[PDB]
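Protein chains in written order, with full-length UniProt numbering: chain E, 1234 to 1266; chain R, 1234 to 1266.
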């Protein structure tokens, strides 16, 4: 019940979005062509 | 308390998703191969 509530499901999404944005910016800045 | 509320945690996620979508579209449309 704790892991399926709206608050945790928003917090996990926010953290994963932040990490994904950081990795995507790293990928796009480090192009080789 | 302000930075951990649901409203800010949704707004930040929306803005970062917008930026990530723009950058990913730029990456996909512009390819060397």
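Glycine included, each C-beta is placed from N, C-alpha and C at the ideal position.
Taking the CA atoms as reference points, residue 1252 of chain R sits about 30 angstroms from residue 1235 of chain E.
Against chain E, the beta carbon of residue 1256 of chain R has neighbours under 8 angstroms at 1257, 1258 and 1261, listed in chain order. Bounds of the alpha helix (DSSP H) holding residue 1244 of chain E are 1239-1262. A Cβ of chain E is located within less than 8 angstroms of the beta carbon of residue 1242 of chain R.
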